[PDB]
């Protein structure tokens, strides 16, 4: 249930309950992983990587990391080293402002800029299986590390944009993210147990579609299911929402790839 400990593989302690970040203290006593809202059977799938189907894809991305791709003849590993070292901590601090871009970047945008400008390789589909499996690999080597995205400085106006979007009602059903995840977390919509709509566990392996799900994929489907028009995956709007939603879970451990409904 909601208060039982999440340790992965007997080794990785996951902070599933945390003090609400100061920007959000108004609204919650406490921030919680989406894992704390799941059934015992679903919860168990995340307790061991052998029982976690998302990790199958993380394993395949381990091979991809070392495989040369594109006209440059280089692999991720040729610049970043072993993935456990080169990607360590990074999932915890993205989205973030990137100097070379003069803009907040997501992990995907960084991965694609390496492919096109450093690898001579084709872009991966933002929310396609190749990108989502790599992002899941990156997340997985920083599991148990606290999510710590900056909300200030060169990141602030993007964070405010994402904040605005979080509380904006969309669609013919006329609902904001907060409508459900802030006001009615812990209630049921049909059979689904409303969580706080956190992204610390992303990409999520979902029992609904038996695959990994990218952050922007979820976001797209969330606006869609208000009977609304989603923003484009990779759009400035979804980048901004991801930074803001990420900030809603600052202090929760990195859990990706997580197992959810």
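Residue numbers count along the first chain shown, from 1.
Between 180 to 188 and 72 to 80, the higher mean Cα B-factor belongs to 180 to 188. Higher mean CA temperature factor, per the PDB entry, when comparing 127 to 135 with 155 to 163: 155 to 163. The top Cα temperature factor in the record, among 35, 65, 28, 202, falls on 28. Among 53, 213, 198, 226, the highest C-alpha B-factor recorded in the PDB entry belongs to 53.
Among all modelled residues in this chain, the alpha-carbon of residue 85 has a temperature factor (C-alpha) in the middle third. Residue 112: CA B factor in the middle third of modelled residues in this chain (values from the PDB entry). In the PDB entry, residue 172 places in the lowest third of its chain by CA B-factor. In this PDB entry, residue 106 carries a Cα temperature factor that places it within the middle third of its chain's modelled residues. Ranked within its chain, residue 222 lands in the lowest third, by CA B factor from the PDB record.
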